[PDB]
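Reviewing the structure listed below.
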Amino acid sequence: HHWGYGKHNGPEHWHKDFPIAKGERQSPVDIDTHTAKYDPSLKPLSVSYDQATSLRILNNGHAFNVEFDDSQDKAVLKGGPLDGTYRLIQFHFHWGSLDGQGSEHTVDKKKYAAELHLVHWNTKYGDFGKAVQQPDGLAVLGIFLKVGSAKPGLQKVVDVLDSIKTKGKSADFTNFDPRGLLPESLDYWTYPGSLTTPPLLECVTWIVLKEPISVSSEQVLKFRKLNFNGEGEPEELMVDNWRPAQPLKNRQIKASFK
Ligand SMILES: COC(=O)c1ccc(SCc2ccccc2)c(S(N)(=O)=O)c1
Ligand SMILES: [Zn+2]
């Protein structure tokens with residue numbers, strides 16, 4: 001009886017195994033755009049993905065991870081609200097059963113069709129496992145997806161999904177360039193929070209871009225053909241793998257823009 005997003009093991013149950021679920025800096029949150037404070041001290045975000053080396057794509061049972069070689073300083077996030085240098089380890093998405101839901105963060109209560117998370121760890125902690133034990137261990141860049149025109153830079157991901165339909169399947173996935181998933185503007189909101197799946201560790205500086213990217217109805221439909229179940233089990237479509245907004249508590253969301 002492990003955690004998931006099904007009818008009996010979903011987000012409202014997670015606190016029983018992971019009491020940090022009811023903690024002081026949980027994610028995601030609703031971003032109240034009127035209450036977010038412009039912070040002129042924030043720097044432009046620096047996203048340096050020119051030498052990113054993707055390796056593999058994995059159906060992890062909850063979403064799919066596109067994994068990067070993070071054994072050298074290649075693909076890094078810095079600047080913005082961050083001190084030092086964070087290295088890209090993987091990206092994944094969260095999405096809905098319908099276009100009107102699927103994002104984890106919300107903007108003035110608006111839910112997007114999906115949300116991309118590029119996960120990076122702080123190089124001062126040496127590796128990902130040590131970084132997640134620290135309050136400034138991770139930086140996750142969050143990008144909203146809306147349904148409209150296709151994103152040509154997403155198609156290589158969508159095309160490989162039929163090869164990893166079920167939990168625990170992986171496929172080689174080299175030479176994928178995550179710069180093709182970025183919107184034009186790097187204006188962002190930022191706040192201190194958590195992983196959004198167990199173990200829900202409070203180790204993330206969230207950086208959520210204001211401008212969504214557009215993907216086509218066909219691209220998102222292919223996400224919804226994935227399965228939460230293993231091969232040779234009855235089909236459980238991989239949809240609605242998003243955690244809802246959590247209480248903001250004693251936190252301020254800062255904006256990089258006025
Ligand atoms: C459906 O979502 C996922 O499948 C998923 C998978 C990994 C991660 S971050 C890496 C990680 C490693 C080990 C344990 C937890 C998280 C996240 S998130 N939203 O917290 O960034 C979400
Ligand atoms: Zn995520």
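In the structure tokens, chains take the letters A, B, ... in the order shown, each chain's residues start at 1, and ligands count up from 1 in the order shown.
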Exercise for the section: Using only C-alpha atoms, determine which residues lie at most 7 Å from residue 76 of chain A, disregarding the query and same-chain residues fewer than 5 positions distant; provide the list as a list in words. Expected result: residues 47, 48, 49, 85, 86, 87 and 88 of chain A
Problem - Close residues, residue 96 of chain A itself excluded, 8 Å, only C-alpha atoms, min 2 positions apart in chain, as a list in words - result: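 These residues fall inside the cut-off: residues 94, 98, 99, 100, 101, 102, 103, 113, 114, 224, 239, 240, 241 and 242 of chain A.
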Write a file of the just-selected residues containing C-alpha atoms, as a tab-separated table (two decimals), in the first residue's frame.
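File produced: again-v2.tsv:
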```tsv
chain	number	residue	atom	x	y	z
A	94	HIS	CA	3.04	16.70	-13.77
A	98	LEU	CA	-8.14	17.19	-18.68
A	99	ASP	CA	-6.59	20.39	-19.96
A	100	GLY	CA	-8.13	22.38	-17.07
A	101	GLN	CA	-5.90	20.81	-14.41
A	102	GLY	CA	-2.44	19.29	-13.99
A	103	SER	CA	-0.09	21.97	-12.71
A	113	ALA	CA	-2.56	21.73	-18.15
A	114	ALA	CA	0.81	20.61	-16.86
A	224	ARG	CA	-1.95	10.62	-20.71
A	239	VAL	CA	-2.99	11.21	-15.20
A	240	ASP	CA	-3.48	13.70	-12.33
A	241	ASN	CA	-0.04	13.12	-10.81
A	242	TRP	CA	-0.02	16.59	-9.20
```
With ligand 1 as the partner and 8 Å as the cut-off, tabulate the residues of chain A that qualify, each row holding the nearest pair of atoms and their distance in Å to one decimal, using only C-alpha atoms and all ligand atoms, sorted by chain and rising number, as JSON lines.
```
{"residue": "A:60", "atom": "CA", "partner": "ligand 1", "partner_atom_place_in_ligand_line": "4 (O)", "distance": 6.3}
{"residue": "A:61", "atom": "CA", "partner": "ligand 1", "partner_atom_place_in_ligand_line": "4 (O)", "distance": 7.2}
{"residue": "A:62", "atom": "CA", "partner": "ligand 1", "partner_atom_place_in_ligand_line": "1 (C)", "distance": 4.6}
{"residue": "A:63", "atom": "CA", "partner": "ligand 1", "partner_atom_place_in_ligand_line": "4 (O)", "distance": 4.3}
{"residue": "A:64", "atom": "CA", "partner": "ligand 1", "partner_atom_place_in_ligand_line": "4 (O)", "distance": 6.4}
{"residue": "A:65", "atom": "CA", "partner": "ligand 1", "partner_atom_place_in_ligand_line": "6 (C)", "distance": 6.9}
{"residue": "A:90", "atom": "CA", "partner": "ligand 1", "partner_atom_place_in_ligand_line": "10 (C)", "distance": 7.6}
{"residue": "A:91", "atom": "CA", "partner": "ligand 1", "partner_atom_place_in_ligand_line": "7 (C)", "distance": 7.9}
{"residue": "A:92", "atom": "CA", "partner": "ligand 1", "partner_atom_place_in_ligand_line": "5 (C)", "distance": 6.5}
{"residue": "A:93", "atom": "CA", "partner": "ligand 1", "partner_atom_place_in_ligand_line": "2 (O)", "distance": 6.9}
{"residue": "A:94", "atom": "CA", "partner": "ligand 1", "partner_atom_place_in_ligand_line": "1 (C)", "distance": 5.8}
{"residue": "A:117", "atom": "CA", "partner": "ligand 1", "partner_atom_place_in_ligand_line": "21 (O)", "distance": 6.0}
{"residue": "A:118", "atom": "CA", "partner": "ligand 1", "partner_atom_place_in_ligand_line": "21 (O)", "distance": 7.5}
{"residue": "A:119", "atom": "CA", "partner": "ligand 1", "partner_atom_place_in_ligand_line": "21 (O)", "distance": 6.0}
{"residue": "A:140", "atom": "CA", "partner": "ligand 1", "partner_atom_place_in_ligand_line": "21 (O)", "distance": 6.6}
{"residue": "A:194", "atom": "CA", "partner": "ligand 1", "partner_atom_place_in_ligand_line": "20 (O)", "distance": 6.9}
{"residue": "A:195", "atom": "CA", "partner": "ligand 1", "partner_atom_place_in_ligand_line": "20 (O)", "distance": 3.4}
{"residue": "A:196", "atom": "CA", "partner": "ligand 1", "partner_atom_place_in_ligand_line": "20 (O)", "distance": 3.9}
{"residue": "A:197", "atom": "CA", "partner": "ligand 1", "partner_atom_place_in_ligand_line": "20 (O)", "distance": 4.8}
{"residue": "A:198", "atom": "CA", "partner": "ligand 1", "partner_atom_place_in_ligand_line": "15 (C)", "distance": 5.9}
{"residue": "A:199", "atom": "CA", "partner": "ligand 1", "partner_atom_place_in_ligand_line": "15 (C)", "distance": 5.9}
{"residue": "A:200", "atom": "CA", "partner": "ligand 1", "partner_atom_place_in_ligand_line": "20 (O)", "distance": 6.9}
{"residue": "A:241", "atom": "CA", "partner": "ligand 1", "partner_atom_place_in_ligand_line": "1 (C)", "distance": 5.4}
{"residue": "A:242", "atom": "CA", "partner": "ligand 1", "partner_atom_place_in_ligand_line": "1 (C)", "distance": 6.6}
```
Selection above as a file: N, CA and C atoms, as a PDB file, in the first residue's frame:
```pdb
ATOM      1  N   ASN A  60       8.931   6.132 -13.770  1.00  0.00           N
ATOM      2  CA  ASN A  60       9.299   5.870 -12.382  1.00  0.00           C
ATOM      3  C   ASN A  60       8.093   5.380 -11.594  1.00  0.00           C
ATOM      4  N   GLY A  61       6.946   5.183 -12.278  1.00  0.00           N
ATOM      5  CA  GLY A  61       5.696   4.752 -11.683  1.00  0.00           C
ATOM      6  C   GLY A  61       4.707   5.870 -11.331  1.00  0.00           C
ATOM      7  N   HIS A  62       5.223   7.105 -11.332  1.00  0.00           N
ATOM      8  CA  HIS A  62       4.437   8.293 -10.952  1.00  0.00           C
ATOM      9  C   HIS A  62       4.457   9.344 -12.060  1.00  0.00           C
ATOM     10  N   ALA A  63       5.590   9.443 -12.756  1.00  0.00           N
ATOM     11  CA  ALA A  63       5.816  10.322 -13.898  1.00  0.00           C
ATOM     12  C   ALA A  63       6.935   9.685 -14.729  1.00  0.00           C
ATOM     13  N   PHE A  64       7.507  10.425 -15.664  1.00  0.00           N
ATOM     14  CA  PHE A  64       8.740   9.995 -16.318  1.00  0.00           C
ATOM     15  C   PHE A  64       9.877  10.988 -16.068  1.00  0.00           C
ATOM     16  N   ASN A  65      11.079  10.449 -15.810  1.00  0.00           N
ATOM     17  CA  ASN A  65      12.262  11.271 -15.597  1.00  0.00           C
ATOM     18  C   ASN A  65      13.131  11.226 -16.838  1.00  0.00           C
ATOM     19  N   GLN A  90      17.781  15.955 -13.522  1.00  0.00           N
ATOM     20  CA  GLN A  90      16.688  15.312 -14.251  1.00  0.00           C
ATOM     21  C   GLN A  90      15.586  16.347 -14.447  1.00  0.00           C
ATOM     22  N   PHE A  91      14.694  16.095 -15.422  1.00  0.00           N
ATOM     23  CA  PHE A  91      13.427  16.809 -15.444  1.00  0.00           C
ATOM     24  C   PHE A  91      12.306  15.819 -15.522  1.00  0.00           C
ATOM     25  N   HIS A  92      11.101  16.273 -15.153  1.00  0.00           N
ATOM     26  CA  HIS A  92       9.874  15.506 -15.246  1.00  0.00           C
ATOM     27  C   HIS A  92       8.721  16.504 -15.326  1.00  0.00           C
ATOM     28  N   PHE A  93       7.520  15.988 -15.543  1.00  0.00           N
ATOM     29  CA  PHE A  93       6.308  16.785 -15.630  1.00  0.00           C
ATOM     30  C   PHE A  93       5.275  16.226 -14.662  1.00  0.00           C
ATOM     31  N   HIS A  94       4.291  17.088 -14.399  1.00  0.00           N
ATOM     32  CA  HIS A  94       3.038  16.703 -13.767  1.00  0.00           C
ATOM     33  C   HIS A  94       1.909  17.145 -14.696  1.00  0.00           C
ATOM     34  N   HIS A 117       9.287  20.401 -14.331  1.00  0.00           N
ATOM     35  CA  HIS A 117      10.198  20.635 -13.214  1.00  0.00           C
ATOM     36  C   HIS A 117      11.604  20.217 -13.604  1.00  0.00           C
ATOM     37  N   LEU A 118      12.555  21.166 -13.732  1.00  0.00           N
ATOM     38  CA  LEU A 118      13.965  20.859 -13.968  1.00  0.00           C
ATOM     39  C   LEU A 118      14.660  20.919 -12.623  1.00  0.00           C
ATOM     40  N   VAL A 119      15.165  19.756 -12.196  1.00  0.00           N
ATOM     41  CA  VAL A 119      15.650  19.616 -10.828  1.00  0.00           C
ATOM     42  C   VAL A 119      17.175  19.714 -10.820  1.00  0.00           C
ATOM     43  N   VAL A 140      14.607  24.056  -8.076  1.00  0.00           N
ATOM     44  CA  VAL A 140      13.750  23.462  -9.091  1.00  0.00           C
ATOM     45  C   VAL A 140      13.162  24.603  -9.899  1.00  0.00           C
ATOM     46  N   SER A 194       9.559  22.720  -0.889  1.00  0.00           N
ATOM     47  CA  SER A 194       9.832  21.301  -0.683  1.00  0.00           C
ATOM     48  C   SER A 194       9.774  20.531  -1.987  1.00  0.00           C
ATOM     49  N   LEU A 195      10.222  19.270  -1.934  1.00  0.00           N
ATOM     50  CA  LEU A 195       9.820  18.305  -2.955  1.00  0.00           C
ATOM     51  C   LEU A 195       8.294  18.200  -2.913  1.00  0.00           C
ATOM     52  N   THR A 196       7.663  17.872  -4.045  1.00  0.00           N
ATOM     53  CA  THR A 196       6.222  17.730  -4.066  1.00  0.00           C
ATOM     54  C   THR A 196       5.783  16.264  -4.065  1.00  0.00           C
ATOM     55  N   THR A 197       6.725  15.317  -4.003  1.00  0.00           N
ATOM     56  CA  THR A 197       6.359  13.917  -3.786  1.00  0.00           C
ATOM     57  C   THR A 197       7.106  13.438  -2.552  1.00  0.00           C
ATOM     58  N   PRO A 198       6.597  12.398  -1.854  1.00  0.00           N
ATOM     59  CA  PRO A 198       7.400  11.825  -0.785  1.00  0.00           C
ATOM     60  C   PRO A 198       8.837  11.618  -1.279  1.00  0.00           C
ATOM     61  N   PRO A 199       9.862  11.885  -0.454  1.00  0.00           N
ATOM     62  CA  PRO A 199       9.715  12.200   0.972  1.00  0.00           C
ATOM     63  C   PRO A 199       9.431  13.641   1.399  1.00  0.00           C
ATOM     64  N   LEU A 200       9.058  14.518   0.443  1.00  0.00           N
ATOM     65  CA  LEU A 200       8.549  15.839   0.814  1.00  0.00           C
ATOM     66  C   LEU A 200       9.571  16.699   1.562  1.00  0.00           C
ATOM     67  N   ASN A 241      -1.158  13.386 -11.721  1.00  0.00           N
ATOM     68  CA  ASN A 241      -0.040  13.122 -10.811  1.00  0.00           C
ATOM     69  C   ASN A 241       0.530  14.429 -10.243  1.00  0.00           C
ATOM     70  N   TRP A 242      -0.365  15.287  -9.751  1.00  0.00           N
ATOM     71  CA  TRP A 242      -0.017  16.590  -9.199  1.00  0.00           C
ATOM     72  C   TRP A 242      -0.490  16.638  -7.759  1.00  0.00           C
TER      73      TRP A 242
END
```
Practice task
From a DSSP calculation on the backbone, collect every residue of segment 36-228 of chain A in strand (DSSP E or B) and output the set as an MDAnalysis selection string.
Solution key: chainID A and resid 37:38 45:48 54:59 64:68 76:79 86:95 106:107 110 114:122 138:147 170:172 188:193 204:209 213:215 227
Completion exercise
Restricting to only C-alpha atoms, whichever of A:203, A:208, A:29, A:42 is closest to residue 135 of chain A is A:203
Handout entry: atom CA of residue 246 of chain A to atom CA of residue 205 of chain A, distance in Å rounded to a single decimal
Key =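 About the pair atom CA of residue 246 of chain A and atom CA of residue 205 of chain A: they are 15.6 Å apart.
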Handout entry: Spatial neighbours of residue 179 of chain A, 8 Å, only C-alpha atoms, chain gap at least 2 places, as a list in words
Key = residues 49, 50, 177, 181 and 182 of chain A
Give me the residues within 9 Å of residue 229 of chain A as a short mmCIF file (atom, residue, chain, number, x, y, z; two decimals) with C-alpha atoms, in the first residue's frame, counting only C-alpha atoms and dropping any in the same chain fewer than 2 places off.
```cif
data_model
loop_
_atom_site.label_atom_id
_atom_site.label_comp_id
_atom_site.auth_asym_id
_atom_site.auth_seq_id
_atom_site.Cartn_x
_atom_site.Cartn_y
_atom_site.Cartn_z
CA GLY A 61 5.70 4.75 -11.68
CA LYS A 165 4.58 2.87 -21.17
CA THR A 166 4.70 1.00 -17.84
CA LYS A 167 6.35 1.43 -14.46
CA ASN A 227 0.62 3.93 -17.25
CA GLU A 231 3.70 -4.48 -17.49
CA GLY A 232 1.21 -7.30 -17.23
CA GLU A 233 -0.98 -5.46 -14.70
CA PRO A 234 -4.42 -3.87 -15.41
CA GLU A 235 -4.16 -0.44 -16.91
CA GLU A 236 -4.08 2.61 -14.63
CA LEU A 237 -3.63 5.64 -16.85
CA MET A 238 -0.89 8.02 -15.69
#
```
